[PDB]
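Chemist:
Protein chains: 8
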Amino acid sequence: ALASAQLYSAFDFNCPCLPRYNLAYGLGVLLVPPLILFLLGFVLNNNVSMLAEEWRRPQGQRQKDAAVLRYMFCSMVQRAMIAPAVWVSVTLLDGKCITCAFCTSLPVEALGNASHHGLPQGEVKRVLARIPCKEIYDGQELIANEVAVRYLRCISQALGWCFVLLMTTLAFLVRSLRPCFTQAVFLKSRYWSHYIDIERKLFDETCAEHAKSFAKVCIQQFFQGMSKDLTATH
Amino acid sequence: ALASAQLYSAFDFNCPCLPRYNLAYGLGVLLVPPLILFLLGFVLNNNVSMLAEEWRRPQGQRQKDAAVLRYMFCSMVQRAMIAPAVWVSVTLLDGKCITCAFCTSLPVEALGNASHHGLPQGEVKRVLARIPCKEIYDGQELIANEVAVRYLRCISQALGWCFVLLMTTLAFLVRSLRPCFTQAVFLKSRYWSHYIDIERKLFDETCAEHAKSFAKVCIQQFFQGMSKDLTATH
Amino acid sequence: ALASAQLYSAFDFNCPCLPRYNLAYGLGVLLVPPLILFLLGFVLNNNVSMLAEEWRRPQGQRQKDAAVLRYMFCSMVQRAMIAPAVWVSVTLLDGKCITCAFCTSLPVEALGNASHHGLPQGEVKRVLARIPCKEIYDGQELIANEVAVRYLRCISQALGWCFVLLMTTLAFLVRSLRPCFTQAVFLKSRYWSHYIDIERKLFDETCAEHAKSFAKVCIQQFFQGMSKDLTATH
Amino acid sequence: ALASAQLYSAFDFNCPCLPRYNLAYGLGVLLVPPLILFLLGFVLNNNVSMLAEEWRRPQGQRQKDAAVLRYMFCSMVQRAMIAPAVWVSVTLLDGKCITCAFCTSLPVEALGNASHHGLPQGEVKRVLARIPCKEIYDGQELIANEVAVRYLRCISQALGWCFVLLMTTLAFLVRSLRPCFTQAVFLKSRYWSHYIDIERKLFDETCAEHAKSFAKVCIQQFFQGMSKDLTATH
Amino acid sequence: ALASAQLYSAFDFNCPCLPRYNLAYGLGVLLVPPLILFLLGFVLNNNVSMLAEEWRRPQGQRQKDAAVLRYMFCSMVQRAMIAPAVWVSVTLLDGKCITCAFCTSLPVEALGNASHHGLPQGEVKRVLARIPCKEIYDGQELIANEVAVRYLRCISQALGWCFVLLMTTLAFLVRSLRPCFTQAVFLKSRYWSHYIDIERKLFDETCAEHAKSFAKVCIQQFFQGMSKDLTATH
Amino acid sequence: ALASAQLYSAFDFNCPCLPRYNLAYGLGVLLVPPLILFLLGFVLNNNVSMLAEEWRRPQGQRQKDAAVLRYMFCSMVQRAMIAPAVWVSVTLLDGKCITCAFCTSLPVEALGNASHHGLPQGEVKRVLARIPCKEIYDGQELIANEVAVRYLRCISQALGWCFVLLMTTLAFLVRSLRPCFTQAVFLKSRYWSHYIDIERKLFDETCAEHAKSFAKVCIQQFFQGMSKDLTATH
Amino acid sequence: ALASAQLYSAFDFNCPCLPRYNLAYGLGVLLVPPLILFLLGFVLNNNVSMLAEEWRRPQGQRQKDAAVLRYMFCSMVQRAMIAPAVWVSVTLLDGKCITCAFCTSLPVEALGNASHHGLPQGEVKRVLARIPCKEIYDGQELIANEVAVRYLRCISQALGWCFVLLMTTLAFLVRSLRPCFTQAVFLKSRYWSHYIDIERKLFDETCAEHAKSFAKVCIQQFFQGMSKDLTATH
Amino acid sequence: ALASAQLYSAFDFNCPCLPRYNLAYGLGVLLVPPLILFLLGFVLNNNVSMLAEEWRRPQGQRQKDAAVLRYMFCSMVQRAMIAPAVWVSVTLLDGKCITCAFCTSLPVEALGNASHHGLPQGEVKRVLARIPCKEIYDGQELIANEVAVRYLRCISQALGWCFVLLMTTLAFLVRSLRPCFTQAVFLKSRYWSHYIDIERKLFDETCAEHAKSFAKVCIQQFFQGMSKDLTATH
Ligand SMILES: CCCCCCCC/C=C\CCCCCCCC(=O)O[C@@H](COC(=O)CCCCCCCCCCCCCCC)COP(=O)([O-])OCC[N+](C)(C)C
Ligand SMILES: CCCCCCCC/C=C\CCCCCCCC(=O)O[C@@H](COC(=O)CCCCCCCCCCCCCCC)COP(=O)([O-])OCC[N+](C)(C)C
Ligand SMILES: CCCCCCCC/C=C\CCCCCCCC(=O)O[C@@H](COC(=O)CCCCCCCCCCCCCCC)COP(=O)([O-])OCC[N+](C)(C)C
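Protein chains in written order, with the authors' numbering: chain H, 27 to 260; chain G, 27 to 260; chain F, 27 to 260; chain A, 27 to 260; chain E, 27 to 260; chain B, 27 to 260; chain D, 27 to 260; chain C, 27 to 260.
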């Protein structure tokens, strides 16, 4: 979870100031890295195999239970949401992922300069699009680069807090209510966990103990056959 | 509690210098993050489920007691107030959350420049609003940017200390008085806590001990059936 | 105690250069933060409840003693004075809390420039008041900003050391004399402390031991009722 | 795995701005260091010898099993892919390895300057090739150096995330499915590991114990033969 | 002792360049902080009360001895001198505490400029006094500010080493000679220390052991009276 | 091994820009430091003496074995190659050791300026030789100093990776194949190691135990002969 | 010993450029701090009292021995020389303590400028004396300030190494020869040390054990006399 | 050994640019510090006394042996060479100790400027000598200061590596050959070491045990004679 925030510093955002690629490159940085951390939430878990080994059979003779599986699945999905939830928020509290996503859509005749200063309806996208990357901006007449960053960098943080609110309100709601939390079905899941754990621990003990009783018959053939006597003796 | 103060440095405040959005964006940074830490105070607690499982039934056959619940609820709410209390204070001891909230309301004909220098009653909001963000300020004639920050940044810290005073005086008052602190009802709550704890500890012992007595009948079927003899023996 | 000094660095002093608000904003930073740490000295203590539970009854049937309470009260007040004592001193060894408190009162015709250079008796407050905040000072003729800071920043440190002297001389005096230090009454207080401590420790032992004898009758109802047999057995 | 990322900082990339060598020097930094970490993944493993000692005999009398080997091989290859997978991604999230690979191929008459400004079809490679190394660039007329880095540095990160997605989706797929994961064959592999380990541990015990029973007959010949008496005695 | 040196860095010396206040503000920083650390040396000690409780009675029936007290007193005073001794030296090895103490007294017609350049006998104090604070110095003609700091900053360090010499020579003298060091009286003091220590340790044992035998009769009244039965039993 | 890389930072490379000394000073920094670490690999080992003590006799009556020695020798040589292998690579990934080795050999009429601009065939070495040390370069006309460093600094890193590839491919090959790895001869070597170790440990025990039985007869002659009585007794 | 070197950084050398005071202030920094560390070497030792208590009596009835004292004295003096030896060397390896000691004595007509350029035989001291403190130097004609520092700063380090040589040669000589190192007298000194140590350890045991047998009769008078009963019992 | 390298940073080299003193001051920094560390290698050893006590007698009745001494001596000398060996090398890998040693000897008519530009055969030493200390160099015509440092700073490092090679080749040679390494004589030396060690350990035990049996008769005379009764009893 903590690695989700620090890796954002390693990434070096930069938006290609082009008309139709901004909307692609912006959202992609917003949604795809979440999707990675979602799937990555499963492979790090250990019970993922049991579901596939169990859910693979479309015959109904499944071993564990019809209801315990639904619980264990719905539980594992919850502990996965934490990683992508952190990413989508902390990236929304910066604006850079959003400042160049919709930069080619804001209104200029409302908060910026006048409605028109002598440019067609096509170059406006050609000119507004370069709002980020404050080193090549040919639209200082149409709107100030310093202001148009404030208007958008602000709107981002609104979605930032309004997102974190709707997220925590959801955790507070499922953490204290019905969604497959029943007392009976809970004991089954917690019990089958210990069965899986002491199995692996108890198996390793018997195997190693079986070898030690068997390897000794081999190590008495390398010995007593080299020379049966050391020549280096004085 | 300590994470409430350090996260303020991670956030990068910046106020959109517009007439009617300041008052929105200012207060929102003041109140919403508190509301997050309030709800977050519950989900981190563990007894939250017991209340919902208990308070859900609107029938009166509740198990624990009619009075113990009211205590445990009123206790949990107290340990939640600490987080949002720290946020609302330390953010009030900076002014940035408040300097742009009411910047479009102070009087200019009292501490600033003269009463009027040739501007209508509409642009004053248009001009005063940009007092923060000291890079685009077209009102150096109407009031100095250096002074108008002092007048407001000062008034903030007054509410800062005056808030922390009324807060600590409240803690000192409830920490040594009546609010459901009775000796009898207290023992019930402290007793039902240990019942919940040694339950989980004592349950895990019996389950694991039950598996170990049962798994051994399975591990004697993988063994003694592979070959009953190692071929690698010399 | 140590947090009293370090928090001073977190606070960012700045004095609103106005005529009648300096005297308010100055002293407030001097006295109010002390008052916070005073009350905060009680809520962190644990015996505060016993006094309120005991001193509440205005009937005279108080349990502990008529004299032991007076000792325990007068003792707790002493260990509270340490925090505000550190604050009022270390803030007096800087002048910033005092340089703008009385900056509108010093004499100019004594150490500064000439007695009068052509200004009325009203603007002198209007002009002298801005002595701190060395970026907008319209009184370079009436007195040098570099000198008038020395005269006041010096007078502060006089009260600084003269305060710490009168403080330590008071600690040295009460630490080795009469103020309710009698041998008899002392043993009562030290004895009732251990009674309060081993009570809480001894109570938790019996309660937890009572549950463990009782929870076992419940955990034999979830078991032996699931199936009495594992289906996953080979 | 972690050393794969940090060593990238030690390496100091720099692309020789020549026409036909870019495409060589670029890909080489992309593919060769992966190939090193692949082979290096084997030599650090310990079971590599057993395969060669076993797979060397092309006669079919192999000792372990016909199926266990295929598992152990296919398992070892998996834990090797992690190192080169990290390299090829983190180097694709920078562009420098890719910005000079294809810099001599992008279109100029699409996103850059005009289609032609008076240069033949040969020097374009001669001029475009020096796009990186922003100190000797004789093509400021044909396309801006600041823009042409954005267009390519962006396209890299697309392959960056699109690579990491297809990678993690592959791990999630093989981590929960068929590829030689059968229960029977698994026990063989895990069992032959312990045999190899307790062998080395049990052999060292017997050898050292055999010497200690034998060395003592030698150390009684250096002693009792020096003088049988110390001369330094008083 | 070590805190005496480091606190000097926290203090921010600055000398008010006035005629008759230098001599006051200079010595005060030299002597007063010593006097604080002297008295502070007592309150941190623990035997201070015994002297006051003993020396208070002006009747001669004192308990301990007529001679042991004189030893214990003369011993405690010695371990106090270490703190102020460090302060007065390390502050003398800087000159700032002394450079502005006597700056208005040095001779100008000896090492500085000529004897007289056209100023009365009053302004010389008015002009020489501002020698420190090298930002407002109207006496560059009468003596160079760079030289007059060397002459005084040097004389300080002479008293610095000459002080530390006379100090260590005093410690070496009393550390190996007569001043109430007799063998007989020494054993009394060292013996009465252990009596005071094992007293407090042995008292706490009996009191706590007495409560535990008594509290149990109270904790059997909260129990067995709540309900004698848990309702939450299944 | 790790000290091989860090010591490179301590060394301060600098190439004497002369015609025929570059080729000497360059290669010397490349090959000689390797040769040091090779020989240093032996003296740090401990079995080096046994070979010399054994291989010295050119008579054939050698004690250990005719075959075990060849193994132990060929093993020790392998663990020595690691140090010089790291040096020759990491120094090839910088170019400075190679940029001035062959700087007087590259072609100028291929990638640099024109074929000839008015200089004989002798001064070209006189002029090209100073390509490194970019402070005295009299050949800005014949070829740019910025480009000619790229051409050579690049060619180095080609040999860098191409070297590390051929190295790791060699380790992977000998780590899993024939070169005196036979099972029989291996047990001899591993067995004679323990003999050497427990010998030194077992010898030190007997010697120290022999002295302690003998020193006691000496320490009863200094005692009981001083005076047989202390005079300081009271 | 190590504190002798680090304290040199704390001291801030600066030489008063005057004719006859240099020679004083220079040597004083060289010799006096040594003399401090010499005497300080004794007071930190513990056997210093025994000598004074023993050597005080000029009667010849001394207790320990006529010869053992001479050894213990000559031993303690040796372990004191280490501190001042380090100071006098490391301060000689800088020149600042010596560059201004003899700066008014070097020859100018030998390594500096010409023999005479128009100044009397008195001002030469007046002018040469200010050679250090390279901010006010009125002798740039008579000799360069940059050179005359080299000539003297060099001569210092000659005495630096030549001192450390004669010092270590002395330690090597006394560390392996006659100066009261005899075997007989050595055992006396080493024996009387243990007598002094186990005395203090054995005395503290008996005294504390004597109090504990005695304090108990006092603690049974504060108890059983308060009330013999707690009133707080329920 | 490691302190030999770090102390080089503490020393601040600087060469007095004079004709005949360079050759002195240069070599002195090269050879003398080695000679210090050589002698210092002995005094830190402990067996140095035994040799002097033994080798002092020129009579032939020496106690240990005629051959063991020669071994122990030749062994101790070896472990001393390590310190000065490190110094002479790491100082040769910088040139500063050598750049000003022979700076007044290199040829100018070979690698520098022309053979003669109008100066006699005497001033050449007068002018070449100041080659280091690149702030006063009056020979920019005769040879460039930047080049003449390269020519000499290079030649140093040749002797640097060529020295370390001949050194390590010597260690590798004596570490595996004849120089008094015989098996018989080795056991004597290793045996007499343990005799010396357990002697000191066993002596301290008997002496301390003898005092404890004797001090008790003294501590029963200070006790039972003070008063035989405490007066402070209640
Ligand atoms: C300071 C530290 C810095 C941190 C870094 C931060 C940045 C991080 C950025 C990114 C992180 C990305 C992580 C990737 C996923 C990791 C797991 C994995 O890969 O395992 C899989 C790999 O084995 C396979 O099955 C893949 C095989 C596909 C072939 C790929 C060709 C590679 C050669 C190149 C030729 C290219 C030519 C084409 C050119 C386009 C499966 O093996 P496993 O054993 O089952 O894995 C267990 C996984 N577990 C451990 C998670 C449980
Ligand atoms: C902060 C730290 C910095 C990190 C550094 C980061 C940078 C890293 C960069 C690069 C890392 C490169 C690592 C190399 C591989 C290492 C392993 C190895 O080499 O072992 C082999 C070496 O022994 C041989 O078999 C090779 C012999 C070939 C002769 C080479 C001539 C050398 C002389 C020069 C003349 C040249 C003249 C020609 C000039 C062109 C085999 O021995 P082993 O005992 O079986 O090895 C076990 C290996 N194990 C330990 C892995 C299990
Ligand atoms: C942060 C830390 C910095 C790291 C530093 C990095 C830089 C490192 C740079 C370089 C490292 C170089 C290391 C050198 C080799 C070390 C080992 C050695 O020397 O031992 C030998 C020395 O004893 C001898 O046998 C040599 C005697 C030759 C005489 C030399 C004259 C010296 C006086 C000067 C007059 C000159 C006059 C002429 C002027 C030209 C043998 O003794 P040993 O007991 O058998 O040794 C065991 C060795 N072992 C411990 C390895 C097992």
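Using N, Cα and C, we set each Cβ at its ideal position, and we do this for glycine too.
Determine whether the beta carbon atoms of C/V58 and D/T194 lie at a separation below 9 Å.
Modeler: Position 32 of the eighth sequence holds residue 58 of chain C. Position 168 of the seventh sequence holds residue 194 of chain D. No, these two residues do not count as a Cβ contact at 9 Å.
Chemist: Can you tell me where the alpha helix (DSSP H) holding residue 4 of chain D begins and where it ends?
Modeler: Missing from the structure shown is residue 4 of chain D; chain D here goes from 27 to 260 and no further.
Chemist: Report back the beta-carbon spacing between A/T117 and A/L44 to the nearest angstrom; my notes put them in contact at under 8 Å.
Modeler: Residue numbering aside, residue 117 of chain A sits at position 91 when the fourth sequence is read from its first letter. Residue numbering aside, residue 44 of chain A sits at position 18 when the fourth sequence is read from its first letter. Rounded, the Cβ-Cβ distance is 21 Å, inconsistent with contact.
Chemist: Quick check on C/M252 - is its C-beta less than 9 Å from some C-beta in chain E?
Modeler: The residue you call residue 252 of chain C lines up with position 226 of the eighth sequence. Yes, contact with chain E.
Chemist: Can you look up D/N171 in the DSSP assignment and give me helix, strand or coil?
Modeler: Sequence index remark: in the seventh sequence, residue 171 of chain D carries index 145 (1-based). Note: D/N171 maps to helix in three-state DSSP.
Chemist: Residues in the same chain with beta-carbon distance under 7 Å from D/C129, minus the five sequence neighbours each way, listed in chain order, please.
Modeler: Working through the seventh sequence from its first residue, we reach residue 129 of chain D at position 103. Correct list, in chain order: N48, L154, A155, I157, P158 and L178.
Chemist: Ordered along the chain, which non-local residues of its own chain (more than five positions away) have a Cβ less than 7 Å from that of A/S215?
Modeler: One-based indexing of the fourth sequence puts residue 215 of chain A at position 189. Contacts found: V94, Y97 and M98.
Chemist: Going along chain C in order, which residues have a C-beta closer than 7 Å to the C-beta of A/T257?
Modeler: Translated into positions along the fourth sequence, residue 257 of chain A becomes position 231. Under the 7 Å cutoff, chain C gives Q89.
Chemist: Counting only runs that start and end within the segment 33 to 60 of chain C, where is the beta strand (DSSP E) found for 3 or more residues in a row?
Modeler: Whole beta strand (DSSP E) segments, 3+ residues: zero.
Chemist: Could you work out which residue in E/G67, E/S30, E/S202 and E/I245 is closest to E/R105 when comparing CA atoms only?
Modeler: Looking up residue 105 of chain E in the fifth sequence gives position 79. Measuring from the Cα of E/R105, the nearest candidate turns out to be E/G67.
Chemist: Mind reading off the beta-carbon distance from H/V175 to H/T125? Whole number of angstroms is fine, and I expect it under 8 Å.
Modeler: If you number the first sequence from 1, residue 175 of chain H lands on position 149. If you number the first sequence from 1, residue 125 of chain H lands on position 99. H/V175 to H/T125, Cβ: 6 Å. Contact.
Chemist: I'd like the ranges of any alpha helix (DSSP H) spanning at least 4 consecutive residues and lying wholly in the segment 87 to 163 of chain E.
Modeler: Runs of the alpha helix (DSSP H) inside the segment 87 to 163 of chain E: 94 to 116, 122 to 125, 134 to 137 and 149 to 154.
Chemist: Contact criterion: CB-CB distance below 9 Å. Does F/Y34 meet it with respect to chain G?
Modeler: Residue mapping note: residue 34 of chain F aligns to position 8 of the third sequence, counting from 1. For F/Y34, the answer is no, since every Cβ of chain G falls outside 9 Å of its Cβ.
Chemist: Where do the ends of the alpha helix (DSSP H) carrying F/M76 lie?
Modeler: Translated into the one-based positions of the third sequence, residue 76 of chain F becomes position 50. Counting along the chain, the alpha helix (DSSP H) containing F/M76 begins and ends at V74 to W81.
Chemist: On the DSSP letters alone, give me the boundaries of the alpha helix (DSSP H) that H/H236 sits inside.
Modeler: For the purposes of this step, residue 236 of chain H is identified with residue 210 of the first sequence, where counting begins at 1. Where H/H236 is concerned, the enclosing alpha helix (DSSP H) stretches over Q209 to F248.
Chemist: Helix, strand or coil for C/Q183, going by three-state DSSP, please let me know.
Modeler: What you label residue 183 of chain C is simply residue 157 of the eighth sequence in a count that begins at 1. DSSP places C/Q183 in helix when its eight states are reduced to three.
Chemist: With distances taken Cα to Cα, identify the nearest neighbour of H/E149 among H/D164, H/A140, H/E135 and H/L137.
Modeler: Within the first sequence, the letter at position 123 stands for residue 149 of chain H. Considering only alpha carbons, the answer is H/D164.
Chemist: Using a Cβ-based criterion (distance less than 8 Å to any ligand heavy atom), does A/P60 qualify as near ligand 1?
Modeler: Position 34 of the fourth sequence, counting from 1, holds the residue named residue 60 of chain A. Yes, since a heavy atom of ligand 1 falls inside the 8 Å radius drawn around the Cβ of A/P60.
Chemist: Under a three-way DSSP split, which group does C/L191 fall into?
Modeler: In the eighth sequence, counting from the first residue as 1, residue 191 of chain C sits at position 165. DSSP places C/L191 in helix when its eight states are reduced to three.
Chemist: 9 Å is my cut-off, CB to CB: does F/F37 come that close to chain H?
Modeler: Within the third sequence, the letter at position 11 stands for residue 37 of chain F. False, the Cβ-Cβ gap to chain H never drops below 9 Å.
Chemist: Is the CB-CB distance between D/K90 and B/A258 below 9 Å?
Modeler: Counting from one through the seventh sequence, the residue named residue 90 of chain D turns up at place 64. Counting from one through the sixth sequence, the residue named residue 258 of chain B turns up at place 232. The answer is yes: Cβ separation under 9 Å.
Chemist: Could you tell me the alpha carbon to alpha carbon distance between H/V243 and H/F249, rounded to whole angstroms?
Modeler: Counting from 1 along the first sequence, the entry for residue 243 of chain H is found at position 217. Counting from 1 along the first sequence, the entry for residue 249 of chain H is found at position 223. The alpha-carbon atoms of H/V243 and H/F249 are separated by roughly 11 Å.
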